[PDB]
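Q: One structure, pasted below without further comment.
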Amino acid sequence: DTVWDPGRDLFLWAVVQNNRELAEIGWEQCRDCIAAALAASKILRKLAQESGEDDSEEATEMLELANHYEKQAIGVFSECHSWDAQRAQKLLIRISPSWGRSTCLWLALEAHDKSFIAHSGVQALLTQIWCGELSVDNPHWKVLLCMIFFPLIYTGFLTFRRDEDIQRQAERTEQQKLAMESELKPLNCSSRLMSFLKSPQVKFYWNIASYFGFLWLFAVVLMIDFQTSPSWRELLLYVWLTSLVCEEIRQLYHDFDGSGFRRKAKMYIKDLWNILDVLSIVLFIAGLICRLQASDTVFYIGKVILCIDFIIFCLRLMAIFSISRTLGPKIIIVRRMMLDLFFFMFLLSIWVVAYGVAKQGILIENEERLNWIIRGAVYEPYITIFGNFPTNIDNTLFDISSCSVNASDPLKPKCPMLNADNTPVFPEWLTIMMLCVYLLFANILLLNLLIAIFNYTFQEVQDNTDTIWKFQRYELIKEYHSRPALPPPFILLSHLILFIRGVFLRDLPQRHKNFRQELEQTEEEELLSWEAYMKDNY
Amino acid sequence: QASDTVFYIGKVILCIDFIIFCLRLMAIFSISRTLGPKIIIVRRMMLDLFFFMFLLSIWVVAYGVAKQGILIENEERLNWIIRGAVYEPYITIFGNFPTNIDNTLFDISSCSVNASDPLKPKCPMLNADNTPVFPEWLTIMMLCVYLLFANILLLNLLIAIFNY
């Protein structure tokens, strides 16, 4: 390892001391370019976010320089993409031996470069990867219908990359022959299908089908099949849950940056949507302990916890429907304004408690029943505000309250205090006027402010959305490419097969064999000379 | 065709087609400049509603299966399962909130028998006589959180799409 180029030594020495006029000379000397520019971007952003004490320097100069080298990298790549894209992707994938055998895409990905990853060629690369073996630009309706009937693929209803490239190559050859006048693999017949059943667009649909199947099975075990002893349906439930846990654990340790511990754990625990799986897998096991404990009263609470966890297992499907571009920026706007509602509800609750304590204090004597105090002080006003205003006026002296006794026990509040017989000493129209002022302040003045917050924020947030979704689009795609092909009911058998392959003591994976690529010698030399010529054009 | 039962369905299809013959008049009232760009805006945002309705329907099915699973034993009647699991929550969400609290132990449900047939659901399971073993205020609190998430958090997003 550690091959010698003179270029990166001078460039690195110029970069780490934050000197612009040396670095702009150094970059024109480097053999390969794009990897160097993105590497300098990552070095400077790490060095800025670590220092934090010399506020002026790190706050201005290093971030300006890092954004500048980001702009240089985008410019060089967009100049290479206009020429001939089919070598541009190989430029984007390859291992660069100069910078420590890391690739180029990973450097841009790690360094939080939102602007380089939104460039059109890299999005086309990700779409061509996620799209699998079957060629892109084929509409989803056809794809799902081909998933419905398996031999329609062998008949041919969706186009393929191999045959399109063969036809394009034959057309180019015919064009060259016609201009004169006046390499590419052939297509397989049987393995067509087995190659179709590995693209991630297929596995996402089979996994979402198995996820609806899990919801069906859990509902039919929870409502109908529950008993004090386990059935076969509940055993199928058990094993299918543990299969989901096992596939999550095996997709931890087989990712890239696999060497070492807790880095991917620190990556995973950071964000909000992982909390749901982390809660639910624990609470399910708590339910199984309580379920198997086999007691008189505990069995009830064990059913209770599991009925609570079904809400969570239903709730994490909405994050799965974040993938689509149409529903992508919708959820983040709902996520953004969650915080204000609790403080707003608190502000309203102060007002309703005040109204209730006043109302019950005015025309009612000291009542010894604390449950009647709370039910007529917080509850009845909180139930008043949402009813309709002609329905809300429910005010007479004597309908159901009883008070000759201290507190008729069977659900009777204390009567209002009376001066004349069947007459309130307090005028009823004072109650009417007070209730009108109260509900007038409640409806129009509070909730319309609450509404008014959301519309302005929604209008304001529109401009910056396009990028973060693309970054998350990569954050999704890499998972399913490292998942076994079988649906999750059988992921246990493939996990066992993977472990039995693993204990064989032989390990030469094709794991990410379309992410990390190592070139031959002459292809690399001609490629680097090509891109250096493109930089000198730029 | 002049049959016993087909004549009914033949009247049915024609009564369906009258909706369509009434529906194509709105496209005729696209000619005027005042009503011209109005219809295209309605036409543009049709697609999102189905996905939004699906997202809401997941939440209501979850709530219903939880609610009927908690305080009711295994019921053999599949029609009662679907009517108390999908329908009663889907009818709950559009009623008014004081009207929505319709919760007592014993009004119309009958369960000494496996399933009184004439439109009677199974009774909630009881510990004491005429008392739910499950506290009623837990049902109240759960329903408050449920309708709080249903009203303000979903449909205002649905509204917010159209204005922008």
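As shown in the structure tokens, the chain order sets the letters A, B, ...; within each chain, residues go from 1, and ligands are also counted from 1 in the order they appear.
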Sort by chain and increasing residue number a table of all residues of chain A within 7 Å of chain B, each with its closest pair of atoms and their distance in Å to one decimal, counting only C-alpha atoms, and write it as JSON lines.
A:
{"residue": "A:219", "atom": "CA", "partner": "B:65", "partner_atom": "CA", "distance": 6.7}
{"residue": "A:222", "atom": "CA", "partner": "B:69", "partner_atom": "CA", "distance": 6.5}
{"residue": "A:223", "atom": "CA", "partner": "B:69", "partner_atom": "CA", "distance": 5.0}
{"residue": "A:224", "atom": "CA", "partner": "B:74", "partner_atom": "CA", "distance": 4.7}
{"residue": "A:225", "atom": "CA", "partner": "B:74", "partner_atom": "CA", "distance": 7.0}
{"residue": "A:226", "atom": "CA", "partner": "B:74", "partner_atom": "CA", "distance": 6.9}
{"residue": "A:304", "atom": "CA", "partner": "B:70", "partner_atom": "CA", "distance": 6.4}
{"residue": "A:307", "atom": "CA", "partner": "B:66", "partner_atom": "CA", "distance": 5.5}
{"residue": "A:311", "atom": "CA", "partner": "B:62", "partner_atom": "CA", "distance": 5.9}
{"residue": "A:314", "atom": "CA", "partner": "B:62", "partner_atom": "CA", "distance": 6.4}
{"residue": "A:383", "atom": "CA", "partner": "B:98", "partner_atom": "CA", "distance": 6.3}
{"residue": "A:386", "atom": "CA", "partner": "B:97", "partner_atom": "CA", "distance": 6.6}
{"residue": "A:387", "atom": "CA", "partner": "B:98", "partner_atom": "CA", "distance": 6.3}
{"residue": "A:455", "atom": "CA", "partner": "B:160", "partner_atom": "CA", "distance": 6.8}
{"residue": "A:459", "atom": "CA", "partner": "B:164", "partner_atom": "CA", "distance": 6.4}
Q: How would the residues just chosen look if you wrote them out with C-alpha atoms as a PDB file, in the first residue's frame?
A:
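Written output follows (out-v4.pdb):
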ATOM      1  CA  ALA A 219     -54.842  -8.634  14.427  1.00  0.00           C
ATOM      2  CA  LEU A 222     -55.007 -10.560  19.115  1.00  0.00           C
ATOM      3  CA  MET A 223     -58.786 -10.355  18.644  1.00  0.00           C
ATOM      4  CA  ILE A 224     -59.837 -13.942  17.908  1.00  0.00           C
ATOM      5  CA  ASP A 225     -57.074 -16.410  18.713  1.00  0.00           C
ATOM      6  CA  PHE A 226     -56.106 -15.208  22.195  1.00  0.00           C
ATOM      7  CA  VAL A 304     -52.860  -4.817  27.606  1.00  0.00           C
ATOM      8  CA  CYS A 307     -52.433  -4.259  22.529  1.00  0.00           C
ATOM      9  CA  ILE A 311     -50.237   0.803  17.826  1.00  0.00           C
ATOM     10  CA  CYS A 314     -48.807   0.173  12.925  1.00  0.00           C
ATOM     11  CA  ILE A 383     -66.447  19.270  27.547  1.00  0.00           C
ATOM     12  CA  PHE A 386     -66.264  21.646  21.803  1.00  0.00           C
ATOM     13  CA  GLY A 387     -70.055  21.417  21.816  1.00  0.00           C
ATOM     14  CA  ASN A 455     -49.831  28.408   7.117  1.00  0.00           C
ATOM     15  CA  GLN A 459     -45.339  28.878   2.791  1.00  0.00           C
TER      16      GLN A 459
END
Q: Determine, counting only C-alpha atoms, which protein, DNA and RNA residues have an atom within 9 Å of an atom of residue 92 (chain A); residues of the same chain fewer than 5 positions away are not included. Present the result as an MDAnalysis selection string.
A: chainID A and resid 34 77 87 103:105 122
Q: Would you output that residue set with C-alpha atoms, as a PDB file, in the first residue's frame?
A:
ATOM      1  CA  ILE A  34     -12.395  15.053  -7.908  1.00  0.00           C
ATOM      2  CA  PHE A  77     -17.851  16.617 -12.634  1.00  0.00           C
ATOM      3  CA  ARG A  87     -17.140   6.619 -18.556  1.00  0.00           C
ATOM      4  CA  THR A 103     -13.657   5.641  -3.119  1.00  0.00           C
ATOM      5  CA  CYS A 104     -14.933   9.041  -4.192  1.00  0.00           C
ATOM      6  CA  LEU A 105     -18.693   8.816  -3.594  1.00  0.00           C
ATOM      7  CA  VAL A 122     -25.247  10.991  -9.484  1.00  0.00           C
TER       8      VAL A 122
END
Q: Tell me, in Å to one decimal, how far CA of residue 486 (chain A) is from CA of residue 248 (chain A).
A: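 The value is 14.4 Å.
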Q: Excluding same-chain residues fewer than 6 positions from region 434-451 of chain A, what lies within 12 Å of it counting only C-alpha atoms, as a VMD selection string?
A: (chain A and resid 337 to 338 340 to 356 358 to 359 362 381 to 382 384 to 390 392 to 395 427 to 428 457 to 458) or (chain B and resid 152 to 153 155 to 157 159 to 160)
Q: May I have the selected residues written with N, CA and C atoms, as a compact mmCIF listing (two decimals), in the first residue's frame?
A:
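Listed below is the output, part06.txt:
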# COMPACT_ATOMS: atom_id res chain seq x y z
N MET A 337 -43.51 21.27 13.31
CA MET A 337 -44.34 22.12 14.15
C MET A 337 -44.96 21.38 15.33
N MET A 338 -44.39 20.24 15.72
CA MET A 338 -44.97 19.44 16.80
C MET A 338 -44.83 20.13 18.15
N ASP A 340 -44.90 23.27 19.33
CA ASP A 340 -45.68 24.43 19.78
C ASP A 340 -47.03 24.03 20.36
N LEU A 341 -47.55 22.86 19.96
CA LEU A 341 -48.90 22.45 20.34
C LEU A 341 -49.04 22.24 21.84
N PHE A 342 -48.00 21.70 22.48
CA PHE A 342 -48.08 21.43 23.92
C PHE A 342 -48.15 22.73 24.72
N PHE A 343 -47.33 23.72 24.35
CA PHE A 343 -47.37 25.02 25.01
C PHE A 343 -48.68 25.74 24.73
N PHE A 344 -49.23 25.57 23.53
CA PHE A 344 -50.50 26.20 23.20
C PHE A 344 -51.64 25.58 24.00
N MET A 345 -51.64 24.25 24.12
CA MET A 345 -52.64 23.54 24.90
C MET A 345 -52.57 23.93 26.36
N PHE A 346 -51.36 24.16 26.86
CA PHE A 346 -51.18 24.63 28.23
C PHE A 346 -51.81 26.00 28.43
N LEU A 347 -51.57 26.91 27.47
CA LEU A 347 -52.15 28.25 27.53
C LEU A 347 -53.67 28.21 27.52
N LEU A 348 -54.26 27.31 26.74
CA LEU A 348 -55.72 27.19 26.74
C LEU A 348 -56.23 26.58 28.04
N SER A 349 -55.47 25.63 28.59
CA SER A 349 -55.93 24.90 29.77
C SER A 349 -55.97 25.80 31.00
N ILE A 350 -55.06 26.79 31.06
CA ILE A 350 -55.13 27.79 32.13
C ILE A 350 -56.46 28.51 32.11
N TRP A 351 -56.89 28.93 30.92
CA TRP A 351 -58.13 29.68 30.76
C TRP A 351 -59.34 28.84 31.12
N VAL A 352 -59.34 27.57 30.71
CA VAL A 352 -60.53 26.77 31.02
C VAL A 352 -60.59 26.41 32.50
N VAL A 353 -59.45 26.22 33.17
CA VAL A 353 -59.48 25.93 34.60
C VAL A 353 -59.98 27.14 35.37
N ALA A 354 -59.57 28.33 34.93
CA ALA A 354 -60.04 29.57 35.56
C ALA A 354 -61.55 29.71 35.43
N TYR A 355 -62.06 29.49 34.22
CA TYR A 355 -63.50 29.59 34.00
C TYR A 355 -64.27 28.60 34.84
N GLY A 356 -63.75 27.38 34.96
CA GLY A 356 -64.47 26.35 35.69
C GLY A 356 -64.52 26.61 37.17
N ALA A 358 -64.29 29.50 38.62
CA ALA A 358 -65.19 30.63 38.83
C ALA A 358 -66.65 30.19 38.79
N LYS A 359 -67.01 29.43 37.75
CA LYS A 359 -68.39 29.02 37.53
C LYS A 359 -68.92 28.16 38.67
N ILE A 362 -69.23 30.28 42.09
CA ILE A 362 -70.21 31.35 42.23
C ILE A 362 -71.51 30.86 42.86
N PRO A 381 -66.18 22.16 31.98
CA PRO A 381 -65.74 23.19 31.03
C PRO A 381 -64.98 22.64 29.86
N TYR A 382 -64.18 21.59 30.06
CA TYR A 382 -63.42 21.06 28.94
C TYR A 382 -64.33 20.33 27.97
N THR A 384 -67.40 21.54 27.58
CA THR A 384 -68.28 22.59 27.07
C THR A 384 -67.76 23.17 25.77
N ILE A 385 -66.43 23.34 25.66
CA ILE A 385 -65.87 24.17 24.60
C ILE A 385 -66.03 23.59 23.22
N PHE A 386 -66.19 22.27 23.11
CA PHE A 386 -66.26 21.65 21.80
C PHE A 386 -67.69 21.38 21.35
N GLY A 387 -68.68 21.55 22.23
CA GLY A 387 -70.06 21.42 21.82
C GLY A 387 -70.55 22.63 21.05
N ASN A 388 -71.66 22.45 20.35
CA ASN A 388 -72.24 23.56 19.61
C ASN A 388 -72.89 24.55 20.57
N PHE A 389 -72.88 25.82 20.17
CA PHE A 389 -73.33 26.90 21.06
C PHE A 389 -74.82 26.88 21.44
N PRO A 390 -75.78 26.53 20.57
CA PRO A 390 -77.13 26.31 21.11
C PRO A 390 -77.23 25.06 21.96
N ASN A 392 -74.85 24.11 23.86
CA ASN A 392 -74.06 24.35 25.06
C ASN A 392 -74.89 24.97 26.17
N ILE A 393 -75.91 25.75 25.83
CA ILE A 393 -76.73 26.37 26.86
C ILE A 393 -77.62 25.27 27.43
N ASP A 394 -77.16 24.67 28.52
CA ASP A 394 -77.85 23.61 29.24
C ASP A 394 -77.89 24.13 30.66
N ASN A 395 -78.81 25.04 30.94
CA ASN A 395 -78.78 25.79 32.19
C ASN A 395 -80.20 25.94 32.70
N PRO A 427 -78.74 35.43 38.60
CA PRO A 427 -79.54 35.51 37.38
C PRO A 427 -78.97 34.61 36.31
N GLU A 428 -79.88 33.96 35.57
CA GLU A 428 -79.46 33.03 34.54
C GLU A 428 -78.82 33.76 33.37
N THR A 457 -45.55 29.12 8.16
CA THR A 457 -44.38 28.21 8.16
C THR A 457 -44.40 27.35 6.89
N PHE A 458 -45.58 26.87 6.51
CA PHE A 458 -45.71 26.00 5.31
C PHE A 458 -45.28 26.79 4.07
N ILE B 152 -56.30 17.50 14.29
CA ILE B 152 -55.47 18.67 14.05
C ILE B 152 -54.23 18.32 13.24
N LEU B 153 -53.76 17.08 13.32
CA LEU B 153 -52.45 16.79 12.77
C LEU B 153 -52.50 16.28 11.34
N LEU B 155 -55.61 16.41 8.87
CA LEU B 155 -56.43 17.11 7.90
C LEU B 155 -55.96 18.53 7.65
N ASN B 156 -55.28 19.14 8.61
CA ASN B 156 -54.73 20.47 8.37
C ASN B 156 -53.53 20.42 7.44
N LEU B 157 -52.75 19.33 7.49
CA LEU B 157 -51.75 19.08 6.45
C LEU B 157 -52.40 18.93 5.08
N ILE B 159 -55.20 20.16 4.08
CA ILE B 159 -55.60 21.51 3.68
C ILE B 159 -54.39 22.31 3.23
N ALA B 160 -53.27 22.16 3.94
CA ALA B 160 -52.09 23.00 3.73
C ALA B 160 -51.46 22.74 2.37
Q: For the atom pair CA of residue 515 (chain A) and CA of residue 479 (chain A), what is the interatomic distance in Å to one decimal place?
A: 12.8 Å
Q: Show which residues sit within 12 Å of residue 88 (chain A), as a list in words. Count only C-alpha atoms, and ignore same-chain residues fewer than 6 positions away.
A: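 Listed by chain and then number, they are residues 34, 76, 77, 78, 79, 80, 81, 82, 94, 121, 122, 124, 125, 527, 528, 530, 531 and 534 of chain A.
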Q: Mind checking which residues fall within 7 Å of region 121-128 of chain B, counting only C-alpha atoms, ignoring those fewer than 2 positions away in the same chain, and posting them as a PyMOL selection string?
A: chain B and resi 71-73+80+105+109-111+115+119+130-133
Q: Just the selected residues (N, CA and C atoms), exported as a PDB file, in the first residue's frame, please.
A:
ATOM      1  N   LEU B  71     -61.046  -4.936  25.778  1.00  0.00           N
ATOM      2  CA  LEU B  71     -62.038  -5.184  26.815  1.00  0.00           C
ATOM      3  C   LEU B  71     -63.117  -6.169  26.385  1.00  0.00           C
ATOM      4  N   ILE B  72     -62.863  -6.941  25.328  1.00  0.00           N
ATOM      5  CA  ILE B  72     -63.821  -7.880  24.754  1.00  0.00           C
ATOM      6  C   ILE B  72     -63.108  -9.204  24.526  1.00  0.00           C
ATOM      7  N   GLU B  73     -63.762 -10.299  24.893  1.00  0.00           N
ATOM      8  CA  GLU B  73     -63.184 -11.607  24.652  1.00  0.00           C
ATOM      9  C   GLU B  73     -63.313 -11.987  23.185  1.00  0.00           C
ATOM     10  N   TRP B  80     -69.477  -9.126  13.298  1.00  0.00           N
ATOM     11  CA  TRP B  80     -69.357  -8.237  14.444  1.00  0.00           C
ATOM     12  C   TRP B  80     -67.938  -7.734  14.618  1.00  0.00           C
ATOM     13  N   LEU B 105     -71.146   0.455  30.461  1.00  0.00           N
ATOM     14  CA  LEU B 105     -70.890  -0.979  30.471  1.00  0.00           C
ATOM     15  C   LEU B 105     -72.032  -1.739  29.811  1.00  0.00           C
ATOM     16  N   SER B 109     -75.650  -4.351  24.682  1.00  0.00           N
ATOM     17  CA  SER B 109     -74.898  -5.559  24.376  1.00  0.00           C
ATOM     18  C   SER B 109     -75.377  -6.719  25.240  1.00  0.00           C
ATOM     19  N   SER B 110     -75.395  -7.921  24.662  1.00  0.00           N
ATOM     20  CA  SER B 110     -75.906  -9.115  25.332  1.00  0.00           C
ATOM     21  C   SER B 110     -74.946 -10.274  25.097  1.00  0.00           C
ATOM     22  N   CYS B 111     -74.588 -11.004  26.174  1.00  0.00           N
ATOM     23  CA  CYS B 111     -73.478 -11.945  26.071  1.00  0.00           C
ATOM     24  C   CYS B 111     -73.576 -13.219  26.911  1.00  0.00           C
ATOM     25  N   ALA B 115     -73.793 -15.035  21.216  1.00  0.00           N
ATOM     26  CA  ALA B 115     -73.965 -13.780  20.487  1.00  0.00           C
ATOM     27  C   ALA B 115     -75.424 -13.399  20.231  1.00  0.00           C
ATOM     28  N   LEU B 119     -78.856  -8.103  16.232  1.00  0.00           N
ATOM     29  CA  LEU B 119     -78.120  -6.837  16.239  1.00  0.00           C
ATOM     30  C   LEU B 119     -77.638  -6.468  17.642  1.00  0.00           C
ATOM     31  N   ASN B 130     -72.148  -5.187  36.680  1.00  0.00           N
ATOM     32  CA  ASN B 130     -72.361  -3.899  36.004  1.00  0.00           C
ATOM     33  C   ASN B 130     -71.174  -2.955  36.206  1.00  0.00           C
ATOM     34  N   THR B 131     -69.971  -3.475  35.957  1.00  0.00           N
ATOM     35  CA  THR B 131     -68.776  -2.677  36.114  1.00  0.00           C
ATOM     36  C   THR B 131     -67.746  -3.174  35.120  1.00  0.00           C
ATOM     37  N   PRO B 132     -67.097  -2.283  34.398  1.00  0.00           N
ATOM     38  CA  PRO B 132     -65.989  -2.707  33.542  1.00  0.00           C
ATOM     39  C   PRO B 132     -64.718  -2.898  34.342  1.00  0.00           C
ATOM     40  N   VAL B 133     -64.043  -4.027  34.112  1.00  0.00           N
ATOM     41  CA  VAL B 133     -62.768  -4.291  34.769  1.00  0.00           C
ATOM     42  C   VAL B 133     -61.723  -3.277  34.336  1.00  0.00           C
TER      43      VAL B 133
END
Q: Please return, as a count of residues only, all residues of region 13-226 of chain A that DSSP assigns to alpha helix (DSSP H) on the basis of the backbone.
A: 144
Q: I'd like the interatomic distance between CA of residue 315 (chain A) and CA of residue 84 (chain B), to a tenth of an Å.
A: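 Atom-to-atom, CA of residue 315 (chain A) to CA of residue 84 (chain B), that is 20.9 Å.
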Q: Would you tabulate, counting only C-alpha atoms, all residues of region 135-177 of chain A that have an atom at most 10 Å from an atom of region 183-201 of chain A, showing the closest pair of atoms and their distance in Å to one decimal, sorted by chain then ascending number, as a Markdown table?
A:
| residue | atom | partner | partner_atom | distance |
| --- | --- | --- | --- | --- |
| A:140 | CA | A:201 | CA | 9.8 |
| A:143 | CA | A:201 | CA | 9.1 |
| A:144 | CA | A:201 | CA | 9.9 |
| A:147 | CA | A:197 | CA | 9.6 |
| A:150 | CA | A:193 | CA | 8.5 |
| A:151 | CA | A:193 | CA | 8.7 |
| A:153 | CA | A:193 | CA | 7.3 |
| A:154 | CA | A:193 | CA | 7.0 |
| A:160 | CA | A:192 | CA | 9.5 |
| A:161 | CA | A:187 | CA | 9.9 |
| A:162 | CA | A:187 | CA | 6.4 |
| A:163 | CA | A:187 | CA | 6.7 |
| A:165 | CA | A:184 | CA | 7.5 |
| A:166 | CA | A:184 | CA | 6.6 |
| A:169 | CA | A:184 | CA | 8.0 |
Q: For the residues selected in the previous step, produce a file with C-alpha atoms as a tab-separated table (two decimals), in the first residue's frame.
A:
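Contents of the output file part.tsv:
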chain	number	residue	atom	x	y	z
A	140	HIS	CA	-44.51	1.09	-12.14
A	143	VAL	CA	-43.70	-3.59	-12.91
A	144	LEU	CA	-46.33	-4.52	-10.32
A	147	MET	CA	-44.82	-9.09	-10.11
A	150	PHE	CA	-44.33	-14.49	-12.92
A	151	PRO	CA	-44.14	-15.87	-16.53
A	153	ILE	CA	-41.43	-11.49	-17.42
A	154	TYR	CA	-40.22	-14.43	-19.51
A	160	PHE	CA	-34.23	-5.06	-20.02
A	161	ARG	CA	-30.81	-3.38	-19.98
A	162	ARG	CA	-28.94	-6.24	-21.71
A	163	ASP	CA	-31.16	-6.36	-24.81
A	165	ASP	CA	-27.62	-2.27	-25.00
A	166	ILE	CA	-27.27	-5.08	-27.56
A	169	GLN	CA	-24.63	-1.53	-30.14
Q: Quick one: of A:42, A:492, A:58, A:90, who's nearest to residue 111 (chain A), counting only C-alpha atoms?
A: A:42
